Number of protein chains: 2
Amino acid sequence: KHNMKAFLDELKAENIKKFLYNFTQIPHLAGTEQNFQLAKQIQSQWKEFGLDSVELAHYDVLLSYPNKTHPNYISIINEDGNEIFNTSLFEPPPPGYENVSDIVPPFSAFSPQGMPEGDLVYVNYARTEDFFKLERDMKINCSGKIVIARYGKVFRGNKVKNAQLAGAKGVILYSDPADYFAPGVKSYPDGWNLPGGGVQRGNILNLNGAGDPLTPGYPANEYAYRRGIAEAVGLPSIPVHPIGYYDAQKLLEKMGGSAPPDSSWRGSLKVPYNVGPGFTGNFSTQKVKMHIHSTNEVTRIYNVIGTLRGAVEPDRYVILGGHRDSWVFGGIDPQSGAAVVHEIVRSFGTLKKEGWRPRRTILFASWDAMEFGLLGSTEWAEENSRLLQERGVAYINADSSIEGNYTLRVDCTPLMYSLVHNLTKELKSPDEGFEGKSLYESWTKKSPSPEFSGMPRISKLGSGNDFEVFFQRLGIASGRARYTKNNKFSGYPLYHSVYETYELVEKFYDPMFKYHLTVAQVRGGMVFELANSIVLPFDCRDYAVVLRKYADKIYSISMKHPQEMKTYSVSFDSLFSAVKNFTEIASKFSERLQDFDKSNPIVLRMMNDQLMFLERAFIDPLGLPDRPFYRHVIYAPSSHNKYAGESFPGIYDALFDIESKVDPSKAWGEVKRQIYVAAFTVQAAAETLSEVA
Amino acid sequence: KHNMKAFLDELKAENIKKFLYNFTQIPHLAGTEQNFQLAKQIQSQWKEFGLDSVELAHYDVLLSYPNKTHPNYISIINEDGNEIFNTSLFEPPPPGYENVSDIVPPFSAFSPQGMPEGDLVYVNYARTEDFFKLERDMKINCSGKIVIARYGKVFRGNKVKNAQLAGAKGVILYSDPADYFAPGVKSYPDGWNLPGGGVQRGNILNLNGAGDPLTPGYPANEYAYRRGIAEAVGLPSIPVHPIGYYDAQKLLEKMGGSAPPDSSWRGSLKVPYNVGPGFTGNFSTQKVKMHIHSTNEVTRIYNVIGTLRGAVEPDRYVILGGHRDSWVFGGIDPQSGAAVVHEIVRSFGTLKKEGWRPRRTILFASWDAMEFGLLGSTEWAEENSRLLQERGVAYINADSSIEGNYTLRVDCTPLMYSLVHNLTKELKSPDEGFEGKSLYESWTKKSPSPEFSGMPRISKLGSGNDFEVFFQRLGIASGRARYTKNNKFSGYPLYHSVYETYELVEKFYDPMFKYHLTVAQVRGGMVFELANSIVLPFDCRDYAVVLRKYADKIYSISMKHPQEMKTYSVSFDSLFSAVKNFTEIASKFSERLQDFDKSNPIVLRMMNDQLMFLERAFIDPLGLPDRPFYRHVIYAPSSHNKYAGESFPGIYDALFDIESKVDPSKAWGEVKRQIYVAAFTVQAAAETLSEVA
Ligand SMILES: *[C@@H]1O[C@H](CO)[C@@H](O[C@@H]2O[C@H](CO)[C@@H](O[C@@H]3O[C@H](CO[C@H]4O[C@H](CO)[C@@H](O)[C@H](O)[C@@H]4O)[C@@H](O)[C@H](O[C@H]4O[C@H](CO)[C@@H](O)[C@H](O)[C@@H]4O)[C@@H]3O)[C@H](O)[C@H]2NC(C)=O)[C@H](O)[C@H]1NC(C)=O
Ligand SMILES: *[C@@H]1O[C@H](CO)[C@@H](O[C@@H]2O[C@H](CO)[C@@H](O[C@@H]3O[C@H](CO[C@H]4O[C@H](CO)[C@@H](O)[C@H](O)[C@@H]4O)[C@@H](O)[C@H](O[C@H]4O[C@H](CO)[C@@H](O)[C@H](O)[C@@H]4O)[C@@H]3O)[C@H](O)[C@H]2NC(C)=O)[C@H](O)[C@H]1NC(C)=O
Ligand SMILES: *[C@@H]1O[C@H](CO)[C@@H](O[C@@H]2O[C@H](CO)[C@@H](O[C@@H]3O[C@H](CO)[C@@H](O)[C@H](O)[C@@H]3O)[C@H](O)[C@H]2NC(C)=O)[C@H](O)[C@H]1NC(C)=O
Ligand SMILES: *[C@@H]1O[C@H](CO)[C@@H](O[C@@H]2O[C@H](CO)[C@@H](O[C@@H]3O[C@H](CO)[C@@H](O)[C@H](O)[C@@H]3O)[C@H](O)[C@H]2NC(C)=O)[C@H](O)[C@H]1NC(C)=O
Ligand SMILES: *[C@@H]1O[C@H](CO)[C@@H](O[C@@H]2O[C@H](CO)[C@@H](O)[C@H](O)[C@H]2NC(C)=O)[C@H](O)[C@H]1NC(C)=O
Ligand SMILES: *[C@@H]1O[C@H](CO)[C@@H](O[C@@H]2O[C@H](CO)[C@@H](O)[C@H](O)[C@H]2NC(C)=O)[C@H](O)[C@H]1NC(C)=O
Ligand SMILES: *[C@@H]1O[C@H](CO)[C@@H](O[C@@H]2O[C@H](CO)[C@@H](O)[C@H](O)[C@H]2NC(C)=O)[C@H](O)[C@H]1NC(C)=O
Ligand SMILES: *[C@@H]1O[C@H](CO)[C@@H](O[C@@H]2O[C@H](CO)[C@@H](O)[C@H](O)[C@H]2NC(C)=O)[C@H](O)[C@H]1NC(C)=O
Ligand SMILES: CC(C)C[C@H](OC(=O)N[C@@H](CCC(=O)O)C(=O)O)C(=O)O
Ligand SMILES: CC(C)C[C@H](OC(=O)N[C@@H](CCC(=O)O)C(=O)O)C(=O)O
Ligand SMILES: *[C@@H]1O[C@H](CO)[C@@H](O)[C@H](O)[C@H]1NC(C)=O
Ligand SMILES: *[C@@H]1O[C@H](CO)[C@@H](O)[C@H](O)[C@H]1NC(C)=O
Ligand SMILES: *[C@@H]1O[C@H](CO)[C@@H](O)[C@H](O)[C@H]1NC(C)=O
Ligand SMILES: *[C@@H]1O[C@H](CO)[C@@H](O)[C@H](O)[C@H]1NC(C)=O
Ligand SMILES: *[C@@H]1O[C@H](CO)[C@@H](O)[C@H](O)[C@H]1NC(C)=O
Ligand SMILES: *[C@@H]1O[C@H](CO)[C@@H](O)[C@H](O)[C@H]1NC(C)=O
Ligand SMILES: [Ca+2]
Ligand SMILES: [Ca+2]
Ligand SMILES: [Cl-]
Ligand SMILES: [Cl-]
Ligand SMILES: [Zn+2]
Ligand SMILES: [Zn+2]
Ligand SMILES: [Zn+2]
Ligand SMILES: [Zn+2]
């Protein structure tokens with residue numbers, strides 16, 4: 001028969017391996033001819049696999065590229081202005097790729113041009129708390145200095161934003177072996193570690209969900225009216241460039257001024273990690289000079305959108321999407337995910353060719369220009385927002401399938417917790433020592449929930465991936481899953497480097513492609529259940545549990561300030577009342593969902609609509625403060641780290657560093673305003689689960 | 001049987017008359033005990049009539065009242081500071097009401113306090129073009145002057161906004177007999193004209209859809225966090241007061257300075273209508289002094305919300321709503337509408353008691369605090385926005401049922417044109433000379449469409465009534481209907497005066513209550529069809545026709561500036577393309593709606609959802625420029641006159657007075673941006689009518 005087991009059994013590790021090889025032989029940088037060619041290939045193959053339609057959706061968006069005849073680099077210059085040390089112009093290419101054309105050299109996408117020259121300040125990971133330590137405790141002023149920061153811990157766009165606000169005139173990002181070289185493992189090509197010449201590419205935008213910098217709110221189509229560069233969203237104001245640790249060692253070794261304040265500031269290089277400013281006495285007249293000549297350029301991008309029409313509810317969409325554009329070869333990022341999507345499409349198409357169709361419509365997406373700011377998914381969702389908000393059931397992301405080989409990682413809305421627990425109990429574990437055991441069992445053992453015994457850890461969705469528009473802007477239930485390591489925001493060692501190749505994966509991560517297969521089963525199984533279950537597989541009671549946990553958490557933060565809560569009458573009573581009400585109403589809804597007349601399709605679809613619109617109810621059309629495209633009131637990307645999720649973000653940001661605000665009455669008034677918005681939104685969402693009339 | 005005819009036949013003129021008498025014996029000012037008592041009475045009666053539930057929804061909103069022991073008035077003061085003339089402290093009460101307590105004296109709600117003294121400038125109707133004429137052509141400066149303006153033509157809030165921007169330090173509004181005294185008719189109590197002591201009350205806010213000034217975006221519930229007065233939405237900055245024409249004649253008769261520029265500036269009083277500033281030579285040292293002592297006060301208001309649960313689609317809502325609060329007795333406004341709603345509820349409840357239920361849920365609303373800025377409907381819609389935007393089928397308004405006795409007036413979304421034409425062909429005309437003819441026939445004869453032969457006029461929805469939140473904020477198809485005169489924005493002569501009584505209606509407007517009955521049939525018949533028709537009674541092809549008319553119109557405005565359109569490459573091609581596409585897709589959708597398998601409830605409800613969400617598709621979540629709660633891209637209230645609808649408002653406002661802008665490149669860039677937003681929105685709405693997968 002045509003059930004989930006038939007779907008799952010059709011998935012093959014050997015097919016995923018073949019597809020991954022096929023997708024990783026040449027670079028597929030967004031906006032380049034080779035990435036358009038791959039888009040056309042995937043369009044062709046998805047049609048052959050059996051989808052009902054497969055179209056390209058193109059947009060013309062702002063991208064950024066180095067100047068091929070005017071290379072980016074950093075120098076140490078002496079008092080005469082001679083450049084006595086230069087950083088590399090390219091990463092040494094890996095074995096057998098030393099003749100591959102069009103490898104983009106390391107750069108920070110969207111850096112402005114400039115040639116700033118000055119003294120170096122070392123800022124650790126350039127986190128908000130690193131800058132607090134420098135300015136408030138150490139009394140070091142970054143104004144007009146070049147800051148050097150190690151990658152890791154937070155999104156690099158937040159590092160650059162923090163450096164700008166500190167007054168820096170340039171930023172140098174580098175990979176420290178403390179964060180990108182695991183002890184006892186060899187550098188690529190002999191292991192999975194970053195060599196000293198390796199460099200992490202990546203954009204440094206602060207888009208806050210806007211998509212293309214020139215067209216916030218609206219798709220970058222053929223008649224779009226663009227902002228000028230000066231009014232564009234999210235662009236950095238100071239030049240930025242990434243380097244590897246051989247080059248970093250040359251810039252850091254001469255540093256003087258203050259000692260590092262403690263050991264959490266010291267990486268693994270044989271240097272003092274002095275904060276500066278500038279170099280020790282003998283070299284005190286030498287300076288650092290950046291030379292950045294990259295250009296921003298409106299460029300065409302192509303999403304591939306495949307449709308498998310539903311038999312019963314064709315106007316309900318379950319979406320499986322992941323990106324296709326890569327920095328270089330994309331051996332892990334994104335092609336390990338794209339190969340998994342390809343095999344899922346192939347498996348669904350096999351069932352379709354035998355006469356089966358899912359209950360609801362499945363959409364498959366191959367997004368472009370993700371690496372330049374989630375641009376392809378966001379423009380597409382801007383174009384199709386009315387269809388998505390009235391018809392969108394769920395979005396399952398499909399970027400990198402592996403970032404390690406230890407255990408499963410899932411991040412998703414609470415609405416999908418039960419779905420994920422149930423699916424993983426039915427899947428086989430691929431782990432050594434768990435032969436014959438469920439994936440649920442291995443996952444729960446290796447990654448225990450911090451809160452509940454016998455349950456696995458499932459994280460909040462953060463951001464930095466293509467689910468952002470669907471979840472935080474539009475309010476469509478979203479999830480992601482991949483295999484992971486036993487630091488989660490720093491990336492694996494070869495992240496966004498030229499060394500991320502097919503060989504990396506086949507030799508060191510997943511030789512038998514069994515972890516890829518497991519991830520294909522999780523992502524595909526989730527899509528299958530969402531698109532085929534008669535009642536949508538969402539449990540509203542799980543949202544009630546987490547809402548109470550988040551309310552306790554935010555209350556606890558506020559309670560660090562008892563005097564102010566007294567003075568300004570700051571009560572969380574309304575939020576706890578709303579959460580209590582949500583808990584009560586969700587319980588009664590669950591009872592009706594279990595008990596309703598199962599022969600009545602209108603009550604069923606009424607109740608499926610209540611399930612589908614529950615995530616939608618947490619959207620506030622006015623957005624969060626100064627972040628209009630982050631509209632979900634329960635979850636937003638952290639204002640300090642785009643990759644991390646923050647709960648009750650409006651209240652969290654109102655409380656953050658409140659003791660430093662010059663007008664406490666105004667600051668605590670804003671805390672109270674955010675408590676009111678959150679209590680109202682939770683009650684309003686609860687009331688969508690009440691009897692409808 | 002239980003069909004529309006049974007519903008319509010149960011409606012009785014004599015019941016409407018009894019209810020109107022019952023609702024108009026004492027004042028029902030918002031926030032007063034007598035209006036809470038009436039709310040409780042209507043709640044009780046709607047339960048007795050047979051509704052499934054009837055609840056009060058209360059909010060605590062900013063209202064405004066005169067100070068009972070410190071009366072508002074205006075003076076002419078001489079050089080010594082003696083007050084030689086004072087305007088009235090109250091309207092002479094009508095016969096038999098001279099002992100009624102709690103008649104609020106004439107005032108402008110939300111005026112700040114003050115006692116400004118200065119010279120008078122007469123500004124005609126205080127329209128944007130009146131101020132253009134004064135400043136640009138006549139070179140008269142209103143800065144630090146008190147302006148005197150006649151009511152009429154535009155909403156009084158726009159007059160006050162215009163006066164503020166001209167630099168005025170106070171505004172006096174008065175009713176000129178040119179606008180409020182029809183030739184050959186007697187003053188009340190002997191006819192329907194305004195006496196010289198009559199005065200029009202009314203708020204002077206500029207809320208732009210925000211609702212309660214202190215809580216924009218969120219319901220004014222028990223834990224709401226309020227803006228301070230200084231950050232409140234829409235409050236005027238200068239004192240304002242209304243007077244009658246006996247008092248106006250005393251203020252105007254002494255005016256000097258410039259002659260009126262032409263006859264359109266002269267009303268019917270025996271005065272020169274000199275523009276000023278100030279008085280003629282002999283009285284040149286006399287000035288005008290206002291004394292305004294009204295206070296703004298957060299006050300509880302009560303909406304009555306009645307539910308008649310649908311038998312088949314209980315999660316789809318058809319809403320019939322109108323206000324209950326009045327300035328004084330509300331003989332026309334709103335009780336002629338409220339009495340009609342009461343009888344409609346009674347008729348639906350009679351069918352319900354015999355075992356019938358409508359297909360979809362009907363909600364009935366008695367809104368409070370409408371007169372203070374549509375506050376009750378807007379707060380309720382803010383509280384329930386998630387339910388309304390996913391479930392709201394249509395909103396039918398029910399304010400005043402009569403404003404004359406000549407013919408029918410309908411204003412509605414194009415989606416309801418066909419519904420209204422069909423319903424009125426089935427109803428009897430109440431007009432003399434049309435005995436035995438349809439309402440459609442009498443209406444079409446008396447009010448011909450300017451565009452099509454054999455069709456009646458149907459206007460755009462403007463604003464200034466309780467449909468605003470549902471249509472312009474939320475995008476729910478809305479309509480209104482009343483009997484009208486053969487100047488439509490000025491109001492009938494006794495509008496918002498103490499003379500608007502039950503006797504006014506029974507003696508002079510509708511002695512046999514036949515026009516009230518006809519309006520009950522139109523409003524009730526519309527609700528019946530919307531709540532019971534298997535396929536929703538919306539015709540998308542009618543939107544396509546009007547979109548082309550509005551695109552031609554806005555193109556024509558731009559084409560007054562051919563040189564600039566060349567210089568800045570301003571093309572409407574994308575808008576016309578979108579409208580052409582909408583026309584094509586709507587035609588194909590109509591074909592499918594006629595042809596789809598009529599046995600398939602999922603295709604039906606899929607197609608009913610496409611019909612329901614079509615109005616919703618014209619909403620832009622970012623709102624219009626500086627007016628975040630006006631979100632519909634096709635229709636907004638005119639920026640110059642809240643009562644009037646404007647089509648393609650974003651482009652219209654970008655083009656308005658563009659020749660006067662100091663930076664034409666920036667101004668024409670904004671025109672192009674608005675063309676892009678409108679073309680995109682029309683295409684996006686069209687695509688909601690495409691096949692779904
Ligand atoms: C969680 O869910 C519960 C319901 O189980 C909600 O309870 C409501 O809570 C508010 C309190 O914040 C109550 O509001 C109070 O209503 C009183 C009148 O209620 C009657 O009349 C209304 C119709 O107008 C009916 O809906 C209702 O059923 C009752 O019959 C007012 O008199 C109260 O105001 C007075 O007291 C307050 C506080 O001291 C003063 O500030 C006022 O000035 C005034 O003197 C008050 O407004 C409401 O009645 C409750 N509804 C119920 C029990 O059905 C929670 O609100 C909800 N949590 C959240 C966050 O929404
Ligand atoms: C009204 O509805 C019609 C459809 O009936 C829409 O027509 C589209 O209009 C745009 C023009 O604005 C067309 O865009 C052009 O697409 C070309 C490629 O199209 C093919 O490939 C795509 C997938 O990527 C398919 O969807 C499509 O079916 C085709 O197979 C591009 O090559 C064009 O770009 C080139 O020309 C322009 C103009 O000179 C240059 O600026 C570019 O730099 C470039 O050289 C262009 O982008 C689109 O193909 C049309 N779709 C159709 C016919 O299906 C209207 O857009 C719509 N009106 C509105 C307002 O939306
Ligand atoms: C994940 O799997 C669990 C375990 O199977 C699912 O929970 C179970 O769901 C079924 C079907 O709704 C429940 O059965 C029902 O029970 C009620 C009351 O006893 C009865 O009236 C109904 O007729 C029906 O038999 C079952 O109780 C429930 N078990 C639990 C909660 O332990 C769960 O739904 C799955 N999650 C999904 C699909 O998201
Ligand atoms: C207002 O009344 C008019 C006139 O009755 C309605 O239009 C008519 O609607 C019916 C029912 O859909 C149409 O009949 C259909 O015709 C097609 C093709 O001929 C056929 O395939 C179907 O089986 C069905 O018989 C009829 O053609 C149409 N007449 C017109 C447009 O002149 C209109 O729907 C009403 N408006 C509403 C309810 O909003
Ligand atoms: C990746 O696989 C695709 C599909 O098998 C290959 O593209 C095909 O190549 C053959 C031979 O050159 C052509 O005849 C077909 O037209 C191509 N098909 C499609 C759908 O594009 C491609 O060669 C493979 N790439 C690599 C690097 O191995
Ligand atoms: C680092 O790179 C710079 C730029 O190429 C080198 O400086 C140049 O050297 C050439 C040849 O001696 C001169 O003609 C250019 O005028 C120099 N340009 C600048 C901008 O200084 C520099 O020699 C390199 N340094 C090292 C250590 O290799
Ligand atoms: C308007 O009509 C209502 C309803 O008939 C009247 O209120 C009733 O009055 C009687 C006698 O005083 C009471 O016994 C009932 O309890 C009232 N019913 C309700 C539902 O309130 C009211 O008197 C009428 N008002 C006027 C001015 O005639
Ligand atoms: C208009 O009203 C004002 C205010 O009541 C009158 O002026 C007052 O007159 C009394 C008695 O003569 C004095 O005690 C007050 O001091 C006056 N107040 C002010 C503010 O001037 C005035 O007489 C009235 N004018 C007319 C023509 O009736
Ligand atoms: C390795 C993870 C921390 C981040 C990784 O995602 C990304 O690399 N995202 C890109 C784009 C992020 C964005 O622009 O939001 C980046 O961080 O440069 C992932 O989710 O797999
Ligand atoms: C007589 C009409 C021009 C206006 C009349 O509506 C109103 O009186 N509305 C009130 C409230 C308007 C508002 O605040 O938007 C007013 O104009 O004062 C109606 O729609 O019947
Ligand atoms: C890149 O650099 C070259 C060589 O210096 C220059 O001629 C060209 O203008 C630059 N390209 C850009 C700005 O796109
Ligand atoms: C840092 O340095 C600059 C002077 O170059 C100054 O504008 C700024 O206020 C300084 N900040 C301090 C001392 O905190
Ligand atoms: C794969 O798993 C083995 C066994 O635990 C481990 O030693 C190795 O480090 C893993 N490879 C990667 C890339 O994590
Ligand atoms: C109204 O005026 C009286 C008498 O002058 C005054 O005592 C009172 O404060 C005022 N009421 C207000 C401001 O509500
Ligand atoms: C009107 O008068 C004031 C001076 O009292 C001045 O500020 C303003 O600029 C004047 N406007 C003109 C002359 O247009
Ligand atoms: C009612 O209709 C008659 C007859 O046309 C007309 O003379 C009279 O003015 C009307 N009354 C009102 C209030 O319009
Ligand atoms: Ca965009
Ligand atoms: Ca509000
Ligand atoms: Cl992912
Ligand atoms: Cl009305
Ligand atoms: Zn990626
Ligand atoms: Zn990446
Ligand atoms: Zn009214
Ligand atoms: Zn009114």
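Residues numbered from 1 in each chain as written, not as in the entry; some residues may be left out. Chains lettered and ligands numbered in written order. Heavy atoms only, no water.

For this deposition, the record names X-ray crystallography as the technique by which the model was determined and cites 1.61 Å as its resolution.

In the nomenclature of the PDB entry, chain A corresponds to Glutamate carboxypeptidase 2 from the organism Homo sapiens. In its Subunit section, the UniProt record describing chain A reads: "Homodimer." (UniProt positions renumbered as here; feature names shortened; annotations may be inferred.)

This next bit is on the coordination of the calcium ion (ligand 18). All names here are of chain B. The protein atoms that coordinate the calcium ion (ligand 18) are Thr215 (O), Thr215 (OG1), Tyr218 (O), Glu379 (OE), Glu379 (OE) and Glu382 (OE), at distances of 2.3 to 2.5 Å. Around the calcium ion (ligand 18) sit 6 donor atoms, and with donor-metal-donor angles ranging over 52 to 172° the site reads as irregular. For the calcium ion (ligand 18), the single-chain donor residues occur in sequence as T-x2-Y-x160-E-x2-E. Remark: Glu382 occurs in helix α9 (residues 375–383) and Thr215 occurs in the loop between β9 (202–203) and β10 (240–243); sequence separation between them is 167 residues. Considered together, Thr215 and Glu382 belong to a single accessibility category, that of buried residues. (Donors = N, O, S within 2.8 Å, 3.2 Å for Na, K, Ca; no water. Tetrahedral: all angles 85-135°; square planar, octahedral: opposite > 155°, others 65-115°. Helix = DSSP H or I, 4+ residues; strand = E, 2+ residues; numbered from the N terminus. Buried < 20%, exposed > 50% of the residue type's maximum accessible area, 1.4 Å probe, protein only.)

Here we take up the nonpolar core. If you look at the biggest cluster of nonpolar residues, it comprises 439 residues, and the most contacted ones within it are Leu575(A), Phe582(A), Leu575(B) and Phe582(B). Setting aside its immediate chain neighbours within four residues, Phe582(B) contacts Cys540(B), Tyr543(B), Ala544(B), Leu547(B), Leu614(B), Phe618(B), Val682(B), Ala685(B), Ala686(B) and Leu689(B). (Core = buried A, V, L, I, M, F, W, Y, C linked by side-chain atoms within 4.5 Å. Contact = heavy atoms within 4.5 Å.)

With that settled, consider the interface of chain A and chain B. Listed by partner, the interface residues are 52 residues for chain A and 52 residues for chain B. A buried area of about 4,500 Å², summed over both sides, lies between chain A and chain B, and 63% of it is on carbon and sulfur atoms. Together, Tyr218(A), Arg386(A) and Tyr676(A) form the three largest contributors to the area buried by chain A at its contact with chain B, with a combined 20%. Counting the contacts that link chain A with chain B gives 2 salt bridges. For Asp609(B), the salt bridge identified is with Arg605(A), shortest N-O distance 3.4 Å. Linking chain A with chain B are 18 residue pairs in polar contact, by the criterion used here. Counted by class, the side of chain A that touches chain B contains 25 nonpolar, 11 polar and 16 charged residues. (Buried area = accessible area lost by both parts, 1.4 Å probe. Salt bridge = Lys/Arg side-chain N within 4 Å of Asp/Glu carboxyl O. Polar contact = N/O pair within 3.5 Å; in protein donor to acceptor, adjacent residues only side chain to side chain. Nonpolar A, V, L, I, M, F, W, Y, C, P; charged D, E, K, R; others polar.)

Let us now look at the site of ligand 9. Residue and element names in this part refer to chain A. In the vicinity of ligand 9, 17 residues are found, and the nearest of them are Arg156, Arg482, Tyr495, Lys642 and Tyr643. Within the contact set of ligand 9, an oxygen atom lies 2.7 Å away from a side-chain nitrogen or oxygen of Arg156. The side chain of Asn465 places a nitrogen or oxygen atom 3.0 Å from an oxygen atom of ligand 9. Relative to its unbound accessible area of 510 Å², ligand 9 is 97% covered by the protein chains. When residues of the shell around ligand 9 are traced back to their parent elements, those giving at least two are β17 (477–484) and β19 (641–647). Taken together, the residues that form the shell around ligand 9 break down as 6 nonpolar, 5 polar and 6 charged. Among the domains, domain 1 (1–66 + 293–537) and domain 2 (67–292) are the pair contributing at least three residues each to the shell around ligand 9. (Near = heavy atom within 4 Å. Areas by Shrake-Rupley, 256 points an atom, 1.4 Å probe, with all protein chains shown as cover. Domains from an automatic or database assignment.)

Superposition of chain A onto chain B requires a rotation of 180° combined with a translation of 0.0 Å along the rotation axis, giving an RMSD of 0.0 Å. Interpreted geometrically, this transformation is the action of a two-fold axis. Considering only C-alpha atoms, the part of chain A nearest the rotation axis is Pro621(A), at 3.2 Å. Looking at the interface residues of chain A, 100% of them are also at the interface in chain B, so both copies use one shared face. (Least-squares fit on C-alpha atoms.)

All names here are of chain B. Following both chains from N to C, one finds helix α19 (residues 601–617) and helix α21 (residues 664–688) inclined at 170°, their axes separated by 9 Å at the closest point. Comparing the axis directions of α19 and α21 gives the class roughly antiparallel. Between α19 and α21, the contacting residues are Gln610, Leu614 and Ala617 on the first element and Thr681, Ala685 and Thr688 on the second. Here the residues of the contact of α19 with α21 are counted per class, giving 3 nonpolar, 3 polar and no charged. (Axes fitted to C-alpha atoms, helices over the stretch in contact; angles between N-to-C directions. Parallel < 35°, antiparallel > 145°, perpendicular 65-115°, else oblique.)

All names here are of chain A. Taken together, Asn22, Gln25, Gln41, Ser44 and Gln45 make up all the residues around ligand 5. A distance of 2.3 Å separates an oxygen atom of ligand 5 from a polar atom in the side chain of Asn22. Look at ligand 5: alone it shows 590 Å² of surface, and the protein chains cover 32% of it. When residues in the shell around ligand 5 are grouped by element, the largest group, 3 residues, is from helix α3 (residues 33–49). When its residues are assigned to classes, the shell around ligand 5 shows no nonpolar, 5 polar and no charged.

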